[PDB]
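Below is one structure, written out as structure tokens; comments come after it.
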Amino acid sequence: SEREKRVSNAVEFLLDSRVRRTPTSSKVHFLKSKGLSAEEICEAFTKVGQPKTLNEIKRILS
Ligand SMILES: COc1ccc(CN2CCc3c(c(C(=O)NCc4ccccc4)nn3CCO)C2)c2ccccc12
């Protein structure tokens, strides 16, 4: 699905060593710009072992 593609692309992104050295807020804005919902972003951060609350992600994006 296009959803799973979005989340998979986010995971690959978040795993990058440079990206790991980038702040969460930056990453979150970036992912929204690529069309991901807050929920999809939250999924991705948990999948990579850097879990964030949906609440924190929505706050970044608010
Ligand atoms: C917000 O921080 C960044 C954004 C983009 C970049 C540039 N790329 C970083 C590595 C990268 C990117 C992308 C990427 O833009 N993929 C497209 C995509 C599509 C939908 C959701 C997420 C990513 N994927 N990867 C991993 C495999 O190359 C984008 C950054 C690079 C270093 C540090 C921070 C970056």
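Positions are given from 1 along the sequence. As a basis for the values below, the full set of heavy atoms in this structure was taken, side chains included, without hydrogen atoms, waters or symmetry mates. Counting starts at 1 for both ligands and their atoms, in listed order.
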Inset, instruction - Measure the spacing between CD1 of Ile41 and CD of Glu56 and express it to the nearest 0.5 Å. - result: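 Separation between the atoms: 12.0 Å.
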
Legend entry - Interatomic spacing from CG in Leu14 to CG in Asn9 - rounded to 0.5 Å: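 The CG atom of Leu14 sits 11.0 Å away from the CG atom of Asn9.
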
Name the closest protein heavy atom to [atom], giving the residue it belongs to and the distance to 0.1 Å.
atom: atom 33 (C) of ligand 1; result: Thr22 OG1, 3.4 Å
atom: atom 32 (C) of ligand 1; result: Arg18 CB, 3.7 Å
atom: atom 20 (C) of ligand 1; result: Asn9 CB, 3.5 Å
atom: atom 14 (C) of ligand 1; result: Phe30 CZ, 4.4 Å
atom: atom 11 (C) of ligand 1; result: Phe13 CD1, 3.9 Å
atom: atom 17 (C) of ligand 1; result: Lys34 CE, 4.2 Å

Legend entry - Closest non-hydrogen atom pair between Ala10 and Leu31, with its separation: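 So the two residues come closest at CB-CD2, 3.8 Å.
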
Inset, instruction - Give the minimum heavy-atom separation between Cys42 and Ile57, together with the two atoms involved. - result: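 Nearest heavy atoms, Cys42 then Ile57: CA-CD1, 3.4 Å.
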
Legend entry - Heavy-atom nearest option to atom 31 (C) of ligand 1, drawn from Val28, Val7, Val19, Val11: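 Considering heavy atoms of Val28, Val7, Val19, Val11, the nearest to atom 31 (C) of ligand 1 sits in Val19.
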
Inset, instruction - Please work out which of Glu40, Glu12, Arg21 has its closest non-hydrogen atom nearest to atom 26 (C) of ligand 1. - result: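 The option holding the nearest heavy atom is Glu12.
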
Legend entry - Distance filter under 4.0 Å to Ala10 heavy atoms, resulting ligand 1 atoms: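 Taking each heavy atom of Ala10 in turn, ligand 1 has 21 (C), 22 (C) under 4.0 Å.
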
Legend entry - Element-labelled atoms of ligand 1 that are located less than 4.0 Å from some non-hydrogen atom of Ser26: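 Within the 4.0 Å cut-off of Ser26, ligand 1 contributes 1 (C).
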
Inset, instruction - Could you walk me through whether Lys52 and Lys27 pass the side-chain contact (heavy atoms from CB on, under 4.5 Å) test, one step at a time? - result: CA-CA 12 Å; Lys52 310 295 180 319; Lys27 297 181 293 206; over 6 Å; no

Legend entry - Among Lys34, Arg6, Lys5, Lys32, salt bridge (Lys or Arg N to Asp or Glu O under 4.0 Å) partner for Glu40: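 Filter result, single survivor: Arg6.
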
Inset, instruction - Output yes when a protein non-hydrogen atom is found under 4.0 Å of atom 22 (C) of ligand 1, and no otherwise. - result: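 At least one protein heavy atom is under 4.0 Å away.
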
Inset, instruction - Kindly state if atom 28 (O) of ligand 1 has a protein heavy atom within a strict 4.0 Å cut-off, that is, under 4.0 Å? - result: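 No, no protein heavy atom sits under 4.0 Å from atom 28 (O) of ligand 1.
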
Inset, instruction - Decide side-chain contact (heavy atoms from CB on, under 4.5 Å) for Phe45 and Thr24; before the verdict, give the C-alpha distance in whole Å, the side-chain angles of both, and the deciding distance to 0.1 Å. - result: CA-CA 10 Å; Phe45 268 97; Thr24 299; 4.2 Å; yes

Legend entry - Residue pair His29, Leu61: steps toward the side-chain contact (heavy atoms from CB on, under 4.5 Å) verdict: CA-CA 7 Å; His29 291 301; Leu61 296 176; 3.9 Å; yes

